[PDB]
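Next comes just one chain, in structure tokens: the form deposited in one PDB entry.
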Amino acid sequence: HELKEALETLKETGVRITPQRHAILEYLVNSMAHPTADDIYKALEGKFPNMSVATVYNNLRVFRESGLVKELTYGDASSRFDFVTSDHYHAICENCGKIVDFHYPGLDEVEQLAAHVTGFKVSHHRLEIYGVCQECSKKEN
């Protein structure tokens, strides 16, 4: 569950889970578009007397610093905000079934080309690399 995992990230990164923060995350997880701060404000202000466009931007900054949101900029336009779903990279042993997680700094080139050729709007990716782990390789010479 995406909201549950976002809240876990906040707790882990020491961010207070305020009602406004919860509501902004909920909005972001449920929205398909990349909203502006004004969009978020318009949607939520009716339930938060002390919410302002400033308060929305301030929270979005906290989220960006926690890795939950990316800020999209264009020309003279107000920023838009993309909720981030994690990518995953795994090495999988074909002999013993061992799975090892690793880190790689993104696959922008592939994602950009895939978006173009398939017409999809891209969220995130999972890469599985198959082969033989160090232990099995040693065993099999």
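From 1 onward, residues are counted along the sequence shown. Definition used throughout: the rigid core is the maximal C-alpha set that superposes within 1.5 Å between two forms.
- The question of which stretch, 89 to 97 or 74 to 82, has the higher mean Cα B factor is settled in favour of 74 to 82.
- Taking the mean C-alpha B-factor of each stretch as recorded, 127 to 135 and 6 to 14 are not equal, and the higher mean is that of 6 to 14.
- Listed residues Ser52, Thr36, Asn58, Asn30 were ranked by CA B-factor as deposited; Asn30 comes out on top.
- For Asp108, the recorded CA temperature factor ranks within the middle third of the chain's modelled residues.
One more form of this protein should be noted, the form deposited in another entry, which is absent from this view; the next part is about it.
- Among the candidates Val110, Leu44, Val53, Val29, the CA atom that moves 2 angstroms or more between the shown form and the other one after core superposition belongs to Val110 alone.
- Once the cores line up, the CA of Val122 ends up 2 angstroms or more apart between the shown form and the other one.
- Core-superposed comparison between the shown form and the other one: the C-alpha position of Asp87 differs by no less than 2 Å.
- Comparing the forms between the shown form and the other one, the C-alpha position of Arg64 differs by less than 2 angstroms, with the core used for superposition.
- The Cα-Cα distance between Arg61 and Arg126 is shortened by 3 Å or more in that other deposited form relative to the form shown here.
- Figure legend: C-alpha atoms of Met32 and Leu127, shown here, are separated by at least 3 angstroms less in that other deposited form.
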